[PDB]
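Down below is the structure, laid out as structure tokens.
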Amino acid sequence: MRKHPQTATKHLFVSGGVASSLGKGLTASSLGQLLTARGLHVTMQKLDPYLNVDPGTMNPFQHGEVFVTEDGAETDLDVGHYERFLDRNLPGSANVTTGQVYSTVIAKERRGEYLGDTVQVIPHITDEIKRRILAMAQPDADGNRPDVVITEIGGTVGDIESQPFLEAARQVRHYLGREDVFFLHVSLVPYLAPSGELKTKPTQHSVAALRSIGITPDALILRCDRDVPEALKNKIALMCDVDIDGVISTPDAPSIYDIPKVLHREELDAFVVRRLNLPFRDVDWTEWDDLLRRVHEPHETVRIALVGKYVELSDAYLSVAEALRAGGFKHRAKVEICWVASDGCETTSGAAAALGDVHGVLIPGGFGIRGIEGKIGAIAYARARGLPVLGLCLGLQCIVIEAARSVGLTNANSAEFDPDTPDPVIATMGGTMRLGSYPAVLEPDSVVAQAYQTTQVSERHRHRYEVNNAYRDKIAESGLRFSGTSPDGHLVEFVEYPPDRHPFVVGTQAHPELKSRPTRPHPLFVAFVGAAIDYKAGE
Amino acid sequence: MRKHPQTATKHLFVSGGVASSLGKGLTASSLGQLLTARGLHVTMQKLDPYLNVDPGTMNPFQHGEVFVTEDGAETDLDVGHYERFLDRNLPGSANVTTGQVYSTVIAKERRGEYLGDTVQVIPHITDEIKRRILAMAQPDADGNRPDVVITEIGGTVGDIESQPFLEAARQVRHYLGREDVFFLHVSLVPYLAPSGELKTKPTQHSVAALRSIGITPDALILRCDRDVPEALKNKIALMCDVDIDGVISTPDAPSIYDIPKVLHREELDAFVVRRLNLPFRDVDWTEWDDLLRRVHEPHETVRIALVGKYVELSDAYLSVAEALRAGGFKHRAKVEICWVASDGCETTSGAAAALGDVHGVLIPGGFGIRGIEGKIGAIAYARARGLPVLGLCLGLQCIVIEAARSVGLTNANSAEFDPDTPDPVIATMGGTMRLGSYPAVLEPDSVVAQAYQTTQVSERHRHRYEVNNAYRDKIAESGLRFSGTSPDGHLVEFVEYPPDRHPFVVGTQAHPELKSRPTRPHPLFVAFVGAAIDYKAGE
Amino acid sequence: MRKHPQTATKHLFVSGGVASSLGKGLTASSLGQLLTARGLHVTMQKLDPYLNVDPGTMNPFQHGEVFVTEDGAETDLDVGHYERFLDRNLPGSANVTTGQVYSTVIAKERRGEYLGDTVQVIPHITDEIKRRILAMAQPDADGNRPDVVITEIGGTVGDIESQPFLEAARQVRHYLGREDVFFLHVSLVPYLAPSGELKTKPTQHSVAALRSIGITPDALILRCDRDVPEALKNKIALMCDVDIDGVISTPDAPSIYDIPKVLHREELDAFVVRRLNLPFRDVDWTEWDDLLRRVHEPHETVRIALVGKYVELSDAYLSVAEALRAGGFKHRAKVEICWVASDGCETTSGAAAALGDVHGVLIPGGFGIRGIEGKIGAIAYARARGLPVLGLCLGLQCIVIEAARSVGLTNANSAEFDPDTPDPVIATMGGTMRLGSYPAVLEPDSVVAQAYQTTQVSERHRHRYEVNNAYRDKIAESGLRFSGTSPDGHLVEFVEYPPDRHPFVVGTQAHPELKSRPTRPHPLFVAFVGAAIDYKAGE
Ligand SMILES: O=P(O)(O)Oc1cc[n+]([C@@H]2O[C@H](COP(=O)(O)OP(=O)(O)OP(=O)(O)O)[C@@H](O)[C@H]2O)c(O)n1
Ligand SMILES: O=P(O)(O)Oc1cc[n+]([C@@H]2O[C@H](COP(=O)(O)OP(=O)(O)OP(=O)(O)O)[C@@H](O)[C@H]2O)c(O)n1
Ligand SMILES: O=P(O)(O)Oc1cc[n+]([C@@H]2O[C@H](COP(=O)(O)OP(=O)(O)OP(=O)(O)O)[C@@H](O)[C@H]2O)c(O)n1
Ligand SMILES: Nc1ncnc2c1ncn2[C@@H]1O[C@H](COP(=O)(O)OP(=O)(O)O)[C@@H](O)[C@H]1O
Ligand SMILES: Nc1ncnc2c1ncn2[C@@H]1O[C@H](COP(=O)(O)OP(=O)(O)O)[C@@H](O)[C@H]1O
Ligand SMILES: Nc1ncnc2c1ncn2[C@@H]1O[C@H](COP(=O)(O)OP(=O)(O)O)[C@@H](O)[C@H]1O
Ligand SMILES: [Mg+2]
Ligand SMILES: [Mg+2]
Ligand SMILES: [Mg+2]
Ligand SMILES: [Mg+2]
Ligand SMILES: [Mg+2]
Ligand SMILES: [Mg+2]
């Protein structure tokens with residue numbers, strides 16, 4: 001029955017081998033999904049081996065886009081998968097880093113809190129990490145105690161930087177015993193085309209590397225481009241001393257939302273539940289079956305251009321692409337994304353050549369970005385052509401600069417992008433970096449208000465430049481409306497053209513893609529995809 | 001009660017760290033002693049990492065003396081400790097080697113028994129080793145099934161040659177689970193005189209090396225020259241993730257027979273019994289208490305010279321020294337051994353300077369030996385001085401050569417030591433190497449028969465040269481009696497002088513020290529020590 | 001080693017079948033002694049099914065003598081065995097009774113503490129009993145937490161009164177699980193002389209009765225008059241579903257102090273330790289071997305008369321008889337007890353016929369007693385004959401009455417025994433019943449002080465009549481000395497004659513037999529037995 005006796009909090013560690021980008025985080029999120037559907041209170045955590053105290057200092061070419069929490073911490077991309085699959089808001093405590101651990105221990109040492117002992121990597125650093133892991137088990141603010149804690153160990157087994165985290169995980173297995181701690185290992189099975197064979201040796205070497213630090217995997221996730229033969233799974237199970245139930249073939253699925261089905265079909269969740277002795281019930285597939293219908297059987301299709309610098313074959317825009325697809329799901333339309341380089345759109349002819357075939361354009365935000373002349377050029381072309389545009393953060397800034405160049409302000413720019421501009425229509429109000437959720441008020445019956453169907457909203461922000469209030473009355477002559485603001489009205493939060501000027505061209509300073517979920521699409525992307533559909537139908 | 005239900009055969013693996021010669025084999029033998037006294041049927045086994053198919057090819061400077069079994073196998077020194085402490089005769093199967101394992105697997109490959117598979121170090125070699133380990137568990141020829149199998153892994157953790165044996169032990173722990181397999185780890189705690197501190201770092205590194213291959217020790221034997229402080233044991237337990245019950249301080253005992261008392265006092269046997277869940281009863285200390293009384297509280301003392309080449313600070317004569325001490329124990333006399341170089345006895349003045357203070361001389365056997373001129377010189381001096389002499393193998397050969405040089409045969413020698421001798425009184429009957437137990441018949445009322453108190457005996461042999469039957473009648477004029485022979489009389493097995501010629505001077509081709517036990521002293525050494533006592537008392 | 005990790009407190013329940021007086025309490029005490037010698041902190045408890053709130057109201061024909069604790073509670077006889085074998089002082093909480101439990105629950109009900117529930121035998125009464133059982137596990141006043149709690153369930157399985165206690169034991173086994181709770185069942189194997197066969201059927205029916213309430217015994221103690229054959233143990237093990245290791249033959253030992261040896265020889269303690277998974281070490285038999293030497297190999301012998309009413313084949317004087325034998329042990333003399341009826345000593349000829357062969361006389365205390373004319377007659381005869389006398393409680397009262405009748409007070413008596421006496425030399429100071437330990441001061445160099453070798457003592461008291469202070473100066477003319485008193489001198493605590501009047505005639509109001517232990521004999525009994533030995537030697 002729905003009510004069960006109390007049991008200790010189970011720890012499930014996910015680790016990676018051979019390489020990064022194996023979908024380790026997505027596999028952990030999908031397992032969290034399945035365990036949630038079986039009725040368990042899953043909570044999740046990530047451990048980042050890098051020394052950056054937070055990824056805000058990084059460049060999106062390193063590990064993709066940054067993410068932001070409601071308590072305002074700045075965290076790795078994987079916390080976004082955790083949100084999108086658990087449909088939850090996670091604390092900043094959900095992302096530990098070596099930078100934070102070392103800073104904490106060094107500070108504690110300077111204060112003498114170790115009573116004159118020699119501070120060492122073992123026990124003190126591993127103790128801090130073990131403390132940070134077991135803190136997840138404590139009852140939440142409302143007393144709800146997690147049934148399973150899924151911890152993802154970033155990096156690769158054998159990286160020098162992972163050594164303290166894996167030692168902490170080993171000590172947790174020692175303290176709590178095997179009945180509470182489960183190790184899931186994700187590994188790569190490469191295909192060599194010239195000889196037409198899958199090779200298990202990389203997996204064997206990775207499992208041996210893991211054993212060399214005192215960890216025995218309970219299951220293996222064999223990432224591959226094609227379904228692994230049964231003979232190879234038997235060979236791997238034999239060589240790696242893993243139960244043949246625990247070798248899980250995980251081929252590249254057409255979309256990330258099929259992964260829960262793949263793992264359920266292989267009975268990974270059943271294996272984990274049996275091994276950890278958790279109480280369970282069957283998965284109610286109703287919701288996710290509807291989602292997968294919206295994914296695989298859409299009624300129509302639409303093409304959207306994604307314009308950026310990182311677009312050169314990188315997942316720097318993962319949240320934006322997923323929010324776009326969720327918007328398509330709300331309308332049961334397939335959204336096809338055309339990855340367009342910003343710099344090909346600097347010339348009007350180049351912009352026409354790039355964009356002429358699409359049904360909409362998206363200008364996402366970024367940091368360390370350059371060359372926004374191409375972005376604004378794409379805006380100018382799209383407005384003339386009638387394509388819908390959604391601008392996120394920098395997209396709104398480029399929209400405002402386009403409007404500035406529409407009314408007389410030809411040399412106008414951001415102080416970020418031309419410090420010598422005579423018309424800094426975008427300027428520092430380095431100023432206060434706005435981070436996290438803030439409330440905003442919307443113009444009644446604005447296109448933004450028509451989308452949200454409310455006058456009050458809250459959105460996650462990450463930026464420090466703002467619209468210069470000195471130019472509102474000048475740029476309003478473009479027809480642009482400051483249709484959403486901070487509650488005091490001091491800060492512009494949304495801009496749009498009236499529908500009769502262009503059917504839909506909207507920008508927002510915030511990152512709404514960080515509040516979207518596939519089963520709860522965000523209003524603005526529903527609106528943007530609807531406008532793109534209307535363009536395609538009317539064109 | 002004495003009768004208990006059936007349980008699976010428990011495996012206890014003993015491994016070493018830091019260095020060899022830590023007393024790993026003696027600790028295993030003492031634990032076998034304690035578990036036997038608690039009523040369990042202990043059996044024992046050794047795994048030798050070296051590639052020699054058997055140590056017969058080695059030189060006693062490498063690892064000490066060789067040992068011989070009743071089925072006639074030639075084995076490491078440690079099987080001698082197993083015999084002396086369990087008072088048992090062990091099969092040749094009790095000593096596995098890498099040489100045997102590789103030869104077996106290669107032979108099986110040549111015969112195609114692996115059906116075309118690639119032969120690998122894993123699984124095939126480790127499977128052969130695991131098979132050889134689990135074969136010890138099978139019921140004996142009488143159906144007696146061992147309760148515990150104690151396996152000693154020779155070498156050091158981290159030697160390249162030990163890698164297959166430790167992997168086999170790990171696989172045994174995997175197959176049988178933790179409730180059946182127990183790992184005991186012996187390690188060194190060095191004392192640094194300049195700073196006056198015991199150092200635990202070598203132990204930490206050894207335990208880490210052991211963990212790096214997938215073995216977690218259940219207990220630590222801390223070998224030291226002085227009793228380890230409690231703070232250091234706590235530090236070791238904390239750093240090594242070992243139960244504080246499992247850190248066992250094992251300081252250098254004055255004699256090897258005190259080790260069972262040291263281990264019992266530390267409750268190692270209790271810890272092992274609890275952890276393996278074995279049925280037990282208290283140790284009946286009656287017998288071993290009597291032995292230790294004979295050891296520590298003797299009524300008198302006697303000095304015996306041990307003459308050899310390996311005597312330069314090496315345990316090449318361990319069995320001989322222990323048989324001497326057992327002979328002393330039968331008479332409750334302390335036997336003090338003066339280690340005398342053979343080459344200082346070549347000159348009569350040098351022999352007098354070396355031996356003049358002793359009460360008896362022992363000439364042990366050997367192989368690859370040279371310089372027996374000094375040995376025979378010691379015999380000549382001792383006979384003139386009246387000291388008792390016992391000659392083992394080569395000791396008998398030197399006695400016979402001395403007698404040859406006593407009757408006319410001044411240039412007589414062994415064909416081994418002067419191939420050009422005109423009088424090869426010792427000669428090949430390379431001839432048949434006699435190995436193991438053979439029966440012999442003794443002259444009635446011979447000194448040998450007076451010692452054994454029987455006319456028939458069996459002794460372990462290891463030699464290929466024999467007394468040349470052509471010279472019996474010539475050398476008998478020395479007064480020497482061929483007082484023991486093979487049953488057909490063809491081979492001389494013992495020689496002695498009549499008591500009125502010298503009170504006791506006896507030699508035997510066999511190695512009686514391989515049938516002695518501390519609680520069952522061998523007749524000949526009882527006789528030899530009694531003669532030395534008589535000399536000391538009469539002198 | 002001596003220091004082990006923490007483990008949960010183990011509960012061991014001792015229950016009885018077929019009949020009472022099977023030595024269930026003595027077996028529990030012996031097991032406690034063994035577990036203490038193996039190094040465990042044993043604590044003990046008894047549950048009495050009878051409704052009497054304490055045994056003070058009972059008659060010594062029911063269950064033998066009453067016992068007293070230092071906090072002054074009045075408890076069953078078995079607490080005396082627990083003291084004598086553990087050599088400890090136990091709280092009054094060590095004796096629960098149905099009277100106390102029902103009174104407690106009824107009182108709580110009247111105060112509404114059950115919040116309107118229907119009060120039932122299950123849960124509420126069994127909950128109170130389980131609470132009182134688990135309270136023994138709590139850390140003591142110094143933080144020492146017991147390792148094993150041994151609980152004796154009084155009565156017999158299948159008595160109506162035992163049903164709540166056995167249900168509480170079943171609930172304890174449910175709560176703590178089988179790894180913590182062990183059931184020891186004591187049962188009788190009768191011998192039928194006409195057919196010469198031991199019968200196991202009573203044991204089978206008792207074990208079946210026990211199983212019918214949900215308890216499966218882990219071991220059986222087969223009480224018998226002769227050693228049980230092995231075939232019967234096999235039959236019992238098979239029929240009763242008890243491990244053949246757990247059927248323990250426990251024949252009637254010549255003295256109660258052999259029982260630890262019997263249980264150890266049968267390996268009951270080993271079985272319990274293995275089954276509960278307790279950490280242990282071997283029993284150090286030094287002390288108890290010395291005790292058993294004093295028991296079985298005395299140098300001499302002496303006969304002592306025990307004069308009382310309950311002497312008609314009853315154990316109403318167990319503590320006194322054991323204290324006598326402990327006194328004998330201090331001197332290495334065998335003490336033989338001649339059980340003498342008081343009423344045969346009323347006439348001087350009858351007293352002579354009863355006592356003439358003994359070497360000393362003991363007058364023990366009692367309650368509900370009558371006919372003290374015979375007791376005083378034995379005192380008068382013994383004093384004339386010169387036999388030494390020790391008088392306990394009523395013995396002191398009779399001594400004082402004898403002295404009263406020695407000086408002029410022929411009609412003197414206690415107000416208890418002649419309410420109309422004209423000379424109540426013993427009188428209520430019903431008055432305050434003095435119970436438990438009280439301090440006393442002794443005359444310097446008194447015979448009592450010569451025994452105790454001190455001027456200050458404390459003794460356990462149970463009485464309400466006292467020496468009437470009005471008669472001290474009158475009765476002192478007998479020669480009697482009030483050689484010990486309360487610190488204020490108000491109360492007489494010891495009386496004696498000077499050695500030249502009689503070599504030893506002493507009485508005390510207290511029960512020194514309740515402070516004696518077999519390994520710590522009490523001064524007064526050592527003195528009394530020494531005086532009896534001196535009489536025997538001089539007579
Ligand atoms: O992705 P997550 O979820 O595991 O989060 C991750 C991924 C990676 N890392 C660390 O960054 C460094 C380089 O990583 P990196 O894999 O990219 O190696 P590289 O030199 O760049 O070779 P390659 O061409 O294969 O990229 C390594 O020290 C990693 O331990 C962290 O801390 N968290
Ligand atoms: O004694 P056991 O019972 O363990 O039986 C033993 C002892 C040693 N071994 C092997 O012989 C080689 C050298 O041994 P070795 O310790 O002597 O090293 P080394 O180079 O000589 O340095 P060191 O000066 O310290 O002697 C090593 O490969 C060992 O694995 C074996 O097979 N059985
Ligand atoms: O003798 P009768 O005249 O009454 O005739 C008897 C005696 C006994 N029985 C039955 O045989 C079984 C074992 O009997 P049994 O008493 O011997 O028990 P057990 O297991 O052997 O224990 P143990 O012998 O030690 O007491 C029982 O089922 C009895 O009901 C019968 O049918 N007739
Ligand atoms: N099983 C899969 N099938 C198809 N695509 C996938 C799968 N797993 C992951 N991906 C994609 O590959 C990328 C790597 O996944 P990711 O979550 O980042 O793992 P990691 O934490 O190691 O970096 C993601 O962008 C994800 O969308
Ligand atoms: N605990 C000890 N105390 C004193 N002497 C010892 C002790 N242990 C071993 N020895 C001696 O040191 C030598 C090494 O012991 P050994 O049995 O050969 O161990 P290993 O198998 O590693 O070679 C032996 O000759 C033994 O007599
Ligand atoms: N195993 C025994 N051998 C000899 N005498 C015994 C034995 N056990 C008990 N007794 C004696 O029998 C009497 C009854 O034993 P007891 O401890 O009181 O059991 P219970 O608690 O049921 O009353 C005791 O006085 C004791 O001295
Ligand atoms: Mg990644
Ligand atoms: Mg990288
Ligand atoms: Mg060695
Ligand atoms: Mg060496
Ligand atoms: Mg009783
Ligand atoms: Mg009764």
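By order in the structure tokens, chains are A, B, ...; within a chain, residues start at 1; ligands start at 1, following the order shown.
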
Within 7 Å of chain B: residues of chain A, using only C-alpha atoms, as an NGL selection string: :A and (211-214)

Write the residues you've just listed into a file as a short mmCIF file (atom, residue, chain, number, x, y, z; two decimals), in the first residue's frame, and include C-alpha atoms for each of them.
```cif
data_model
loop_
_atom_site.label_atom_id
_atom_site.label_comp_id
_atom_site.auth_asym_id
_atom_site.auth_seq_id
_atom_site.Cartn_x
_atom_site.Cartn_y
_atom_site.Cartn_z
CA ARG A 211 38.45 -1.52 -8.92
CA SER A 212 41.94 -0.14 -8.35
CA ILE A 213 40.45 2.49 -6.00
CA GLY A 214 38.20 0.08 -4.10
#
```

Residue contacts of residue 454 of chain C (12 Å, only C-alpha atoms) excluding same-chain residues fewer than 3 positions away, as JSON, numbers by chain: {"C": [440, 441, 442, 443, 444, 445, 446, 447, 448, 449, 450, 451, 457, 458, 484, 523]}

May I ask you to write as a compact mmCIF listing (two decimals) with C-alpha atoms, in the first residue's frame all residues lying at most 12 Å from ligand 3, with only C-alpha atoms and all ligand atoms counted?
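Final output, saved to result_28.txt:
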```
# COMPACT_ATOMS: atom_id res chain seq x y z
CA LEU C 188 13.55 -32.40 33.74
CA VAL C 189 14.40 -35.92 32.55
CA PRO C 190 12.96 -38.34 35.14
CA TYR C 191 14.32 -41.82 35.78
CA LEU C 192 11.75 -44.58 36.29
CA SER C 195 11.83 -50.19 33.92
CA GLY C 196 15.27 -48.59 34.20
CA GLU C 197 14.83 -45.94 31.51
CA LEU C 198 15.10 -42.18 31.28
CA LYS C 199 11.97 -40.57 29.85
CA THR C 200 12.11 -37.66 27.41
CA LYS C 201 8.35 -37.18 27.02
CA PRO C 202 8.07 -34.50 29.76
CA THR C 203 10.68 -32.46 27.89
CA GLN C 204 8.86 -32.90 24.58
CA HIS C 205 5.58 -31.76 26.09
CA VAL C 228 22.06 -38.46 29.99
CA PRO C 229 23.00 -41.00 27.28
CA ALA C 231 21.04 -41.42 22.12
CA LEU C 232 18.51 -39.58 24.26
CA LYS C 233 20.10 -36.24 23.40
CA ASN C 234 19.86 -37.13 19.72
CA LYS C 235 16.20 -38.09 20.12
CA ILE C 236 15.44 -34.86 21.99
CA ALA C 237 17.24 -32.73 19.41
CA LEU C 238 15.32 -34.40 16.59
CA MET C 239 11.89 -34.24 18.23
CA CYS C 240 12.30 -30.72 19.63
```

Contacts of ligand 5, 9 Å or closer, only C-alpha atoms and all ligand atoms, given as a PDB file with C-alpha atoms, in the first residue's frame:
```pdb
ATOM      1  CA  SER B  15      49.863 -12.299   2.908  1.00  0.00           C
ATOM      2  CA  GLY B  16      52.929 -10.190   3.572  1.00  0.00           C
ATOM      3  CA  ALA B  19      59.451  -7.294   3.226  1.00  0.00           C
ATOM      4  CA  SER B  20      59.881 -11.042   3.384  1.00  0.00           C
ATOM      5  CA  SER B  21      61.179 -12.899   6.450  1.00  0.00           C
ATOM      6  CA  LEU B  22      58.542 -11.172   8.593  1.00  0.00           C
ATOM      7  CA  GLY B  23      57.560 -14.467  10.185  1.00  0.00           C
ATOM      8  CA  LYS B  24      54.496 -14.728   7.978  1.00  0.00           C
ATOM      9  CA  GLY B  25      54.823 -18.509   7.804  1.00  0.00           C
ATOM     10  CA  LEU B  26      55.451 -18.839  11.525  1.00  0.00           C
ATOM     11  CA  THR B  27      52.402 -16.680  12.257  1.00  0.00           C
ATOM     12  CA  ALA B  28      50.294 -18.858   9.968  1.00  0.00           C
ATOM     13  CA  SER B  29      51.605 -21.993  11.688  1.00  0.00           C
ATOM     14  CA  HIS B  63      65.600 -18.964   1.030  1.00  0.00           C
ATOM     15  CA  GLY B  64      67.190 -21.426   3.459  1.00  0.00           C
ATOM     16  CA  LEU B  77      60.938 -24.304   4.120  1.00  0.00           C
ATOM     17  CA  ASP B  78      57.518 -23.189   5.373  1.00  0.00           C
ATOM     18  CA  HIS B  81      56.877 -25.004  10.083  1.00  0.00           C
ATOM     19  CA  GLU B 152      50.140 -18.559   2.794  1.00  0.00           C
ATOM     20  CA  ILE B 153      50.848 -16.334  -0.208  1.00  0.00           C
ATOM     21  CA  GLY B 154      54.616 -16.138  -0.482  1.00  0.00           C
ATOM     22  CA  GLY B 155      56.518 -13.056  -1.500  1.00  0.00           C
ATOM     23  CA  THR B 156      55.378  -9.487  -0.901  1.00  0.00           C
ATOM     24  CA  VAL B 186      51.527  -9.225   8.096  1.00  0.00           C
ATOM     25  CA  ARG B 223      55.771  -7.158  13.347  1.00  0.00           C
ATOM     26  CA  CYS B 224      58.099  -5.055  15.483  1.00  0.00           C
ATOM     27  CA  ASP B 225      61.131  -5.357  17.719  1.00  0.00           C
ATOM     28  CA  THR B 250      53.599  -9.183  17.475  1.00  0.00           C
ATOM     29  CA  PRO B 251      57.003  -8.281  18.922  1.00  0.00           C
ATOM     30  CA  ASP B 252      60.062 -10.456  18.384  1.00  0.00           C
ATOM     31  CA  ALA B 253      59.707 -13.341  20.834  1.00  0.00           C
ATOM     32  CA  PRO B 254      62.804 -14.975  22.369  1.00  0.00           C
ATOM     33  CA  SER B 255      61.809 -18.299  20.788  1.00  0.00           C
ATOM     34  CA  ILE B 256      59.393 -19.252  18.033  1.00  0.00           C
ATOM     35  CA  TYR B 257      57.393 -21.415  20.454  1.00  0.00           C
ATOM     36  CA  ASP B 258      56.226 -18.341  22.383  1.00  0.00           C
ATOM     37  CA  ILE B 259      54.331 -17.077  19.326  1.00  0.00           C
ATOM     38  CA  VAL B 262      51.566 -13.979  21.970  1.00  0.00           C
ATOM     39  CA  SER B 314      71.755 -17.199   7.640  1.00  0.00           C
ATOM     40  CA  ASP B 315      68.909 -19.559   8.546  1.00  0.00           C
ATOM     41  CA  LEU B 318      66.736 -23.990  10.706  1.00  0.00           C
TER      42      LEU B 318
END
```

Residues near residue 382 of chain A, cut-off 10 Å, only C-alpha atoms, skip fewer than 6 positions along chain, as a count of residues only: 11

Strand (DSSP E or B) call set, DSSP backbone run, segment 359-452 of chain C, as an NGL selection string: :C and (361-363 or 389-392 or 413-414 or 424-428 or 434-442)

DSSP-assigned helix (DSSP H, G or I) members of segment 339-478 of chain C, reported as a ChimeraX atom specification: /C:342-345,348-355,372-385,394-407,447-452,469-476

All residues 8 Å or closer to residue 337 of chain A, only C-alpha atoms, same chain fewer than 5 positions away omitted, as a list in words: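 Using only C-alpha atoms, the neighbours found are residues 303, 304, 305, 306 and 321 of chain A.
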
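Our summary of the geometry notes that atom CA of residue 367 of chain C is positioned 14.9 Å from atom CA of residue 54 of chain C.
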
Spatial neighbours of residue 149 of chain B, 8 Å, only C-alpha atoms, chain gap at least 6 places, as a ChimeraX atom specification: /B:9-12,42-45,136-137

Just want the 10 Å neighbourhood of residue 348 of chain C, counted on only C-alpha atoms, with same-chain residues fewer than 4 positions away dropped. Output as a PDB file with C-alpha atoms, in the first residue's frame.
```pdb
ATOM      1  CA  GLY C 344      13.709 -31.944  70.124  1.00  0.00           C
ATOM      2  CA  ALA C 352      21.780 -33.653  74.666  1.00  0.00           C
ATOM      3  CA  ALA C 353      20.580 -36.424  72.357  1.00  0.00           C
ATOM      4  CA  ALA C 354      20.417 -34.055  69.379  1.00  0.00           C
ATOM      5  CA  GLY C 374      13.612 -25.328  72.219  1.00  0.00           C
ATOM      6  CA  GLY C 377      17.182 -24.939  75.425  1.00  0.00           C
ATOM      7  CA  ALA C 378      19.777 -25.780  72.798  1.00  0.00           C
ATOM      8  CA  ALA C 380      21.581 -23.565  77.461  1.00  0.00           C
ATOM      9  CA  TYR C 381      22.778 -27.101  76.762  1.00  0.00           C
TER      10      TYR C 381
END
```

Exercise: residue 492 of chain B partners within 8 Å, only C-alpha atoms, chain neighbours under 4 positions left out, as an mmCIF file with C-alpha atoms, in the first residue's frame:
```cif
data_model
loop_
_atom_site.group_PDB
_atom_site.id
_atom_site.type_symbol
_atom_site.label_atom_id
_atom_site.label_comp_id
_atom_site.auth_asym_id
_atom_site.auth_seq_id
_atom_site.Cartn_x
_atom_site.Cartn_y
_atom_site.Cartn_z
ATOM 1 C CA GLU B 466 76.861 -43.442 -1.489
ATOM 2 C CA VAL B 467 79.543 -45.265 0.454
ATOM 3 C CA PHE B 482 78.250 -49.940 9.329
ATOM 4 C CA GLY B 484 72.647 -49.490 9.846
ATOM 5 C CA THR B 485 71.771 -50.398 6.281
ATOM 6 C CA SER B 486 69.040 -50.745 3.683
#
```

Using only C-alpha atoms: which of C:407, C:285, C:310, C:135 has the shortest distance to residue 368 of chain C: C:310

Pick from B:50, B:187, B:226, B:151, whichever lies nearest to ligand 10 using only C-alpha atoms and all ligand atoms: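 The closest residue to ligand 10 is B:50.
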